[PDB]
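Shown below, as structure tokens, is a lone chain in the form deposited in one PDB entry; questions about how it binds or moves come after it.
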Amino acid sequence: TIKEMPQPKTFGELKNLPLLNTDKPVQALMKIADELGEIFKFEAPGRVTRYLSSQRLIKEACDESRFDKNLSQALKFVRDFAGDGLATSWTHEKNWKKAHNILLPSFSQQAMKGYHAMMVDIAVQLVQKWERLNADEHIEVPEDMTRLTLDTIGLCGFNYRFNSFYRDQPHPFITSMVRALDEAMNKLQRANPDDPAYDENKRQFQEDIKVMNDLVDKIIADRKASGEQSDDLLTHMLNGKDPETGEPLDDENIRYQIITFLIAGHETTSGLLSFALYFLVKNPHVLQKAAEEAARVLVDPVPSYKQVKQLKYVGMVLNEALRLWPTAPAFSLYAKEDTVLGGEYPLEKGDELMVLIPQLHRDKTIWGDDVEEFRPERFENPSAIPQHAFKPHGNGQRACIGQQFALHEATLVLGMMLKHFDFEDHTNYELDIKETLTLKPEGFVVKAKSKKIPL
């Protein structure tokens, strides 16, 4: 029953590459999937991959005995500054499992309890900023969510204060990082990346890479000279020993991990919080239900770890926002051996797949006809969701190591926003999704009305 899979329009020797010559490539690929269906071939000079959009096929792709994590071109470009950090290493590189073993305890329950007070520190700064706005000023939502999540990973993970709420402009790090990500996206469609037309891109790229590495220097310097006794992510990087190899991380890999966690540890969580607030102001009945939970649970001026764990509906709200707009919108796999996908598509060892997560999460055979609706109650019973239908944090041993960090932070912060403010979509905002490999609303603004509840 071997089927021929469709393929979108080609451009001679450039094959499908020019389809990525857009500022919204993921959304363009979603439109192609809409037209071609659950699987389509995508070619570029010297490369082939297959975009998967159905749970039927993705549940097979998530079989770790058959498929391993692949570095997409995007991750290969990010590797130019993230090296063999956790997110851009191959599973078979020694430094992947070594750093995984060393850093997994930094995301245990007991670790999350230790981060909680510092996430409250940053969350309170956010609430205080909004309490201090004048009448009919508004909130720049992704901007402030990025302030919050960057500051949280800086403080919680590295005892470093980016002090983003003391800046009306993005931190130097954010500016360079967003620019490096821009360059990585745009480089995806460059057919001649060594054409001298991109000499300045190359120079600017190196400049943004040095900005990010300079902050890494300072984080490392302050820690090793500090006289305070810390027990955080950086402590584990500098002191942890891998049970298997017996070795700690070396200095080069530590630097890559700091870069990795500063980027991965904030950018996707700011997108999640932005999309979540978007859906809440567009769905006031949902906002009300989550606000009622927040008021009933968050009975103290400062939320506790235990209280955040009881914000179960807020948790469902976040999962439903990750369903509709997963902020790291794709991951890539390669076939470990010859194998046949879905009884219809034979693959040879080494063949690559692209999992298009926003399209998977719109599979009507899984979610029903109301798939575009925002209904957190979809997540009331994880046993009623088929396997691998919901993959916002990737798959298997290469799934997101920061999943609990992100969800604790976002649950805490959204709980506090709903406790302390009513929100108004005063511009009737039209969703506009900016792509920087990751996804985030652009230009989303709201007004908050304080409930005047003291901190």
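Superpose the two forms; the largest set of C-alphas matching within 1.5 Å is the rigid core. Note that residue numbering begins at 1 and tracks the sequence as displayed.
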Practice problem: Determine, for stretches 220 to 228 and 179 to 187, which one has the higher mean CA B-factor as deposited. | Solution: 220 to 228
Quiz item: Where do the C-alpha atoms have the higher mean temperature factor in this entry, in 293 to 301 or in 273 to 281?
Solution: 293 to 301
Quiz prompt | Per the PDB entry, maximal CA B factor within 203, 97, 129, 147 | solution = 203
Practice problem: Determine which member of 262, 316, 75, 111 has the highest CA B-factor, using the values in the deposited entry. | Solution: 111
Exercise. Looking at the entry's B-factor column for C-alpha atoms only, identify whether residue 358 ranks in the lowest, middle or highest third of its chain.
Key: lowest
Quiz item: Compared with the other modelled residues in the chain, in which third is the CA B-factor of residue 38?
Solution: middle
Quiz item: What third of its chain, lowest, middle or highest, does the C-alpha temperature factor of residue 371 fall into?
Solution: highest
Quiz item: Which third, lowest, middle or highest, does the CA B-factor of residue 236 fall in along this chain?
Solution: highest
Practice problem: Can you work out whether the C-alpha temperature factor of residue 121 puts it in the lowest, middle or highest third of the chain? | Solution: middle
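The next section is about a form of this same protein that is not shown, the form deposited in another entry.
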Quiz item: Which residue, chosen from 342, 248, 83, 172, moves its CA by 2 Å or more between this form and the one not shown under a rigid core superposition?
Solution: 172
Exercise. Could you check whether the CA atom of residue 97 moves 2 Å or more between this form and the one not shown, using the rigid core for the fit?
Key: no
Quiz item: Core-aligned, is the CA shift for residue 383 between this form and the one not shown 2 angstroms or more?
Solution: no
Quiz item: Is residue 226 one of the residues whose Cα moves 2 Å or more between this form and the one not shown, with the core superposed?
Solution: yes
Quiz item: Do residue 226 and residue 126 have their C-alpha atoms closer or farther apart in the other entry than here, with the shift being 3 angstroms or more?
Solution: farther
